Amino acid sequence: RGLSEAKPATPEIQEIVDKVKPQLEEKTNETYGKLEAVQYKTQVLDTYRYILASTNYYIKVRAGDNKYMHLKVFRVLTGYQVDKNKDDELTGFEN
């Protein structure tokens, strides 16, 4: 269950964070206007050869000025860490 290398984020990662934002807000009881999705890492759990599914995303989202969060999305939000800084490496954590 090794983690991928830190890759720059893409529009699909941005849409992933946009679609899991309601779950994040329901879990934190706080509304977020924009999550910029700075970077992301991937974690393969089972086998899907080319690419379709069976993966965990660890996305560093920028919520605001000096306000970053780390999201763990399976697309169901399985985890999150609040109050992270820009240079914090994305690491795996229990859900």
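Start at 1 with the first residue shown and count on from there.
Gap between residue 74 and residue 75: 10 or more deposited residues without coordinates. Mean C-alpha B-factor is higher over 48-56 than over the other stretch, the pair under comparison being 48-56 and 34-42. The PDB entry records a higher mean C-alpha B factor for 24-32 than for its counterpart among 58-66 and 24-32. Among all modelled residues in this chain, the alpha-carbon of residue 83 has a temperature factor (C-alpha) in the lowest third. Among the modelled residues of its chain, residue 92 has a C-alpha B-factor that falls in the lowest third according to the deposited record.
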